[PDB]
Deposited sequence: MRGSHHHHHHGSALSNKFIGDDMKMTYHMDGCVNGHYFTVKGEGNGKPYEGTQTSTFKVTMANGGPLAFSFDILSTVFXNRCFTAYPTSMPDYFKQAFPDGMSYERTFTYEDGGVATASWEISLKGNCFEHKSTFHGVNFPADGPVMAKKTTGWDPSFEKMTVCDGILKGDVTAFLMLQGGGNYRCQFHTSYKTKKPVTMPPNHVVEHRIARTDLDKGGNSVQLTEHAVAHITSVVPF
């Protein structure tokens, strides 16, 4: 895909609401699509000012499968989708009753990916790890990719690691949709590593890095 280059840039805008707390997020990043790597910086602004009111890890995976190392031969559902574009829809089902839904659209112009997202979380326990900001990051995961009714689906039982060492389970279910039809891949898996680093005391300024590789299974 001549449209996707070796080095790309990214810009992000998110509108969200978590447990009734409204916020917006702005971000910028750079990545190497073929290498499967990317790093970006974000700034969260709570509607009522103030420090980030919940764990940023619930938002991290919302902030682009084009950044996945695929074997050259294998149909790359994500890279093939550009320049037309793609949309994503993800359900996050947490083990303690919190649930979040997120949907986003990605467009491309030149070397720049514009990512516009909406995030909504509800029912997180007021003293749980999300609202109390007790998480440290996601454990490395293996997301199963399958085709269903013409679109690619991703499923993974993810684990958010906690400050003292324990874990908190979250089932992810995602629909990856292309604007135009592309050659479909066979079922496969995407291995991920994502790291979150707070840049300020409040957690409002944060950096994220993801490494992802696709494996023929």
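Residues of the deposited sequence lacking C-alpha coordinates, counted from 1, fall in the stretches 1-15, 79, 234-238.
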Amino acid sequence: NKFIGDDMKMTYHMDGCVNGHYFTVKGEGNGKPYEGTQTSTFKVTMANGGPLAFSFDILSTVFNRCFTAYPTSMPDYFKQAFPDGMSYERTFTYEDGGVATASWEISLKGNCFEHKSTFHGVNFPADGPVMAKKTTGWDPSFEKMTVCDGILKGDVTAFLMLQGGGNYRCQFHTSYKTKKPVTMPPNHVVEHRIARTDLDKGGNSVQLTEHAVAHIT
From here on, numbers count along this sequence of modelled residues.
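With 68-76 and 113-121 compared on mean CA B-factor from the PDB entry, the stretch scoring higher is 68-76. Once the C-alpha B-factors are averaged per stretch, 126-134 and 86-94 rank with 126-134 first. Within the selection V62, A158, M46, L152, the deposited Cα B-factor values reach their highest point at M46. Across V182, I58, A53, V189, the entry's maximum B-factor at the CA atom is seen for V182. Among the modelled residues of its chain, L108 has a C-alpha B-factor that falls in the highest third according to the deposited record. In this PDB entry, the Cα temperature factor of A214 sits in the middle third of its chain's modelled residues. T174 sits in the lowest third of its chain by CA B factor, as recorded in the PDB entry. For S205, the recorded CA temperature factor ranks within the middle third of the chain's modelled residues. The entry lists a Cα temperature factor for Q163 that places it in the highest third of the chain's modelled residues.
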